[PDB]
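Peer 1: This one is model29.pdb, PDB, C-alpha atoms.
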ATOM      1  CA  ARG A  99     -80.256 -21.036  13.262  1.00  0.00           C
ATOM      2  CA  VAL A 100     -81.951 -23.319  15.777  1.00  0.00           C
ATOM      3  CA  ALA A 101     -81.835 -23.570  19.557  1.00  0.00           C
ATOM      4  CA  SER A 102     -79.952 -26.624  20.766  1.00  0.00           C
ATOM      5  CA  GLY A 103     -80.588 -29.253  23.396  1.00  0.00           C
ATOM      6  CA  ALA A 104     -78.780 -29.965  26.632  1.00  0.00           C
ATOM      7  CA  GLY A 105     -75.082 -30.790  26.629  1.00  0.00           C
ATOM      8  CA  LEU A 106     -74.694 -30.063  22.930  1.00  0.00           C
ATOM      9  CA  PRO A 107     -72.370 -27.449  21.396  1.00  0.00           C
ATOM     10  CA  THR A 108     -74.856 -24.818  20.280  1.00  0.00           C
ATOM     11  CA  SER A 109     -74.792 -22.444  17.328  1.00  0.00           C
ATOM     12  CA  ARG A 110     -73.602 -18.854  17.244  1.00  0.00           C
ATOM     13  CA  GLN A 111     -75.201 -15.944  15.419  1.00  0.00           C
ATOM     14  CA  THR A 112     -73.132 -15.580  12.253  1.00  0.00           C
ATOM     15  CA  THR A 113     -73.357 -13.528   9.081  1.00  0.00           C
ATOM     16  CA  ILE A 114     -71.751 -13.961   5.682  1.00  0.00           C
ATOM     17  CA  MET A 115     -71.095 -11.379   2.980  1.00  0.00           C
ATOM     18  CA  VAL A 116     -70.178 -12.125  -0.617  1.00  0.00           C
ATOM     19  CA  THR A 117     -69.369 -10.047  -3.683  1.00  0.00           C
ATOM     20  CA  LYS A 118     -69.863 -10.824  -7.355  1.00  0.00           C
ATOM     21  CA  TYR A 119     -68.081  -9.267 -10.308  1.00  0.00           C
ATOM     22  CA  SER A 120     -68.787  -8.199 -13.866  1.00  0.00           C
ATOM     23  CA  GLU A 121     -67.010  -9.961 -16.725  1.00  0.00           C
ATOM     24  CA  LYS A 122     -66.417  -8.184 -20.017  1.00  0.00           C
ATOM     25  CA  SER A 123     -66.514  -9.760 -23.470  1.00  0.00           C
ATOM     26  CA  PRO A 124     -66.361  -7.162 -26.236  1.00  0.00           C
ATOM     27  CA  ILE A 125     -67.369  -8.064 -29.766  1.00  0.00           C
ATOM     28  CA  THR A 126     -66.340  -6.503 -33.050  1.00  0.00           C
ATOM     29  CA  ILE A 127     -66.868  -6.709 -36.802  1.00  0.00           C
ATOM     30  CA  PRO A 128     -64.672  -5.403 -39.613  1.00  0.00           C
ATOM     31  CA  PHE A 129     -66.236  -4.347 -42.874  1.00  0.00           C
ATOM     32  CA  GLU A 130     -64.501  -2.944 -45.930  1.00  0.00           C
ATOM     33  CA  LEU A 131     -65.283  -0.184 -48.398  1.00  0.00           C
ATOM     34  CA  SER A 132     -63.453   0.224 -51.678  1.00  0.00           C
ATOM     35  CA  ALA A 133     -61.885   3.432 -52.894  1.00  0.00           C
ATOM     36  CA  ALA A 134     -64.481   3.526 -55.685  1.00  0.00           C
ATOM     37  CA  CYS A 135     -67.515   3.963 -53.437  1.00  0.00           C
ATOM     38  CA  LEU A 136     -65.469   6.429 -51.379  1.00  0.00           C
ATOM     39  CA  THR A 137     -64.637   8.587 -54.391  1.00  0.00           C
ATOM     40  CA  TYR A 138     -68.183   8.174 -55.725  1.00  0.00           C
ATOM     41  CA  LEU A 139     -70.147   8.749 -52.524  1.00  0.00           C
ATOM     42  CA  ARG A 140     -69.879  12.551 -52.225  1.00  0.00           C
ATOM     43  CA  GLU A 141     -68.616  13.389 -55.721  1.00  0.00           C
ATOM     44  CA  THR A 142     -70.555  14.262 -58.874  1.00  0.00           C
ATOM     45  CA  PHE A 143     -69.097  14.864 -62.342  1.00  0.00           C
ATOM     46  CA  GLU A 144     -70.928  16.600 -65.256  1.00  0.00           C
ATOM     47  CA  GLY A 145     -74.318  15.729 -63.709  1.00  0.00           C
ATOM     48  CA  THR A 146     -74.665  12.854 -66.151  1.00  0.00           C
ATOM     49  CA  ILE A 147     -77.066   9.972 -65.654  1.00  0.00           C
TER
ATOM     50  CA  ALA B1274     -82.473 -56.628  27.877  1.00  0.00           C
ATOM     51  CA  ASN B1275     -84.294 -59.683  29.220  1.00  0.00           C
ATOM     52  CA  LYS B1276     -87.255 -57.564  30.359  1.00  0.00           C
ATOM     53  CA  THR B1277     -90.846 -57.556  29.174  1.00  0.00           C
ATOM     54  CA  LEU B1278     -91.551 -56.730  25.556  1.00  0.00           C
ATOM     55  CA  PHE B1279     -92.774 -53.148  25.954  1.00  0.00           C
ATOM     56  CA  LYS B1280     -89.925 -52.160  28.258  1.00  0.00           C
ATOM     57  CA  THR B1281     -87.351 -53.807  25.989  1.00  0.00           C
ATOM     58  CA  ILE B1282     -88.622 -52.062  22.885  1.00  0.00           C
ATOM     59  CA  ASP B1283     -88.731 -48.651  24.574  1.00  0.00           C
ATOM     60  CA  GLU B1284     -85.224 -49.342  25.890  1.00  0.00           C
ATOM     61  CA  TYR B1285     -84.264 -50.170  22.295  1.00  0.00           C
ATOM     62  CA  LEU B1286     -85.774 -46.923  21.020  1.00  0.00           C
ATOM     63  CA  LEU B1287     -84.048 -44.923  23.737  1.00  0.00           C
ATOM     64  CA  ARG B1288     -80.583 -46.347  24.247  1.00  0.00           C
ATOM     65  CA  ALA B1289     -79.616 -49.216  21.903  1.00  0.00           C
ATOM     66  CA  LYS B1290     -77.658 -47.116  19.415  1.00  0.00           C
ATOM     67  CA  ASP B1291     -74.211 -47.353  17.905  1.00  0.00           C
ATOM     68  CA  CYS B1292     -72.866 -43.741  17.983  1.00  0.00           C
ATOM     69  CA  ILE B1293     -70.268 -43.792  15.186  1.00  0.00           C
ATOM     70  CA  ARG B1294     -68.654 -40.662  13.741  1.00  0.00           C
ATOM     71  CA  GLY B1295     -68.545 -39.923  10.023  1.00  0.00           C
ATOM     72  CA  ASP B1296     -65.670 -37.447   9.794  1.00  0.00           C
ATOM     73  CA  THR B1297     -62.742 -39.871   9.732  1.00  0.00           C
ATOM     74  CA  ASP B1298     -62.258 -42.471   7.027  1.00  0.00           C
ATOM     75  CA  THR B1299     -62.405 -45.260   9.587  1.00  0.00           C
ATOM     76  CA  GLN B1300     -65.119 -46.115  12.091  1.00  0.00           C
ATOM     77  CA  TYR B1301     -64.056 -44.546  15.345  1.00  0.00           C
ATOM     78  CA  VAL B1302     -66.516 -44.240  18.198  1.00  0.00           C
ATOM     79  CA  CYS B1303     -67.851 -40.691  18.023  1.00  0.00           C
ATOM     80  CA  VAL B1304     -67.547 -37.982  20.608  1.00  0.00           C
ATOM     81  CA  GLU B1305     -70.738 -37.868  22.629  1.00  0.00           C
ATOM     82  CA  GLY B1306     -73.810 -35.870  21.703  1.00  0.00           C
ATOM     83  CA  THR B1307     -72.376 -33.769  18.878  1.00  0.00           C
ATOM     84  CA  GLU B1308     -74.101 -35.545  15.991  1.00  0.00           C
ATOM     85  CA  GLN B1309     -77.143 -37.789  15.929  1.00  0.00           C
ATOM     86  CA  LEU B1310     -76.771 -41.401  16.947  1.00  0.00           C
ATOM     87  CA  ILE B1311     -76.836 -44.469  14.718  1.00  0.00           C
ATOM     88  CA  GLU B1312     -79.613 -46.926  15.452  1.00  0.00           C
ATOM     89  CA  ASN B1313     -79.415 -50.607  14.564  1.00  0.00           C
ATOM     90  CA  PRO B1314     -82.242 -53.149  14.240  1.00  0.00           C
ATOM     91  CA  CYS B1315     -79.633 -55.916  14.312  1.00  0.00           C
ATOM     92  CA  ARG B1316     -78.953 -54.879  17.904  1.00  0.00           C
ATOM     93  CA  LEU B1317     -82.521 -55.900  18.703  1.00  0.00           C
ATOM     94  CA  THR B1318     -82.706 -59.011  16.529  1.00  0.00           C
ATOM     95  CA  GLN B1319     -79.166 -60.051  17.622  1.00  0.00           C
ATOM     96  CA  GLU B1320     -78.602 -61.425  14.122  1.00  0.00           C
ATOM     97  CA  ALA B1321     -76.523 -60.300  11.165  1.00  0.00           C
ATOM     98  CA  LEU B1322     -77.517 -60.332   7.587  1.00  0.00           C
TER
END
What is this structure when it is put down as structure tokens?
Peer 2:
Amino acid sequence: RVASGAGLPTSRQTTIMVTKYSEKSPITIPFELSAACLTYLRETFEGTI
Amino acid sequence: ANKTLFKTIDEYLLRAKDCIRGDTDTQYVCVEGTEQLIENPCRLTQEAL
């Protein structure tokens, strides 16, 4: 603030507090897998090439 | 304001001011000493533009 002159309505010592929030925006992706890669991922038959 | 030139110009710098408020939409005469005054050269020249 600033000191005032004569006959003028002076200032008063004031404070001000203010909050601020977080805003969420989640993101996602779907991705598909067939049943073939599922049944062929951990499964071996006859040991063929 | 018929005085000598130096006294008239220091009187113009000191006192010859309009003192209009800016809060209202029309041009009321302001309350005294709250805001800064409005000076006018056309007060000294006594002519309008």
Peer 1: Please report the interatomic distance between atom CA of residue B:1280 and atom CA of residue B:1314 in Å with one decimal.
Peer 2: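 Separating atom CA of residue B:1280 from atom CA of residue B:1314 is a distance of 16.0 Å.
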Peer 1: Exactly which residues make up the result of the PyMOL selection byres ((chain B) within 10 of (chain A)) on this file, given as a ChimeraX atom specification?
Peer 2: /B:1305-1308
Peer 1: Excluding same-chain residues fewer than 3 positions from stretch 1282-1291 of chain B, what lies within 10 Å of it counting all atoms listed in the file, as a list in words?
Peer 2: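 The residues satisfying every condition are residues 1274, 1276, 1277, 1278, 1279, 1294, 1302, 1303, 1309, 1310, 1311, 1312, 1313, 1314, 1316 and 1317 of chain B.
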Peer 1: Skip residue A:99 itself and residues of its chain fewer than 3 positions away, then list as a list in words all residues within 10 Å of it, counting all atoms listed in the file.
Peer 2: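 Residues near the query, excluding close chain neighbours: residues 102, 108, 109, 110, 111 and 112 of chain A.
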Peer 1: Which value, in Å to one decimal, gives the distance between atom CA of residue A:101 and atom CA of residue A:114?
Peer 2: 19.7 Å
Peer 1: Mind pulling up the distance from atom CA of residue B:1281 to atom CA of residue B:1315?
Peer 2: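 Atom CA of residue B:1281 lies at a distance of 14.2 Å from atom CA of residue B:1315.
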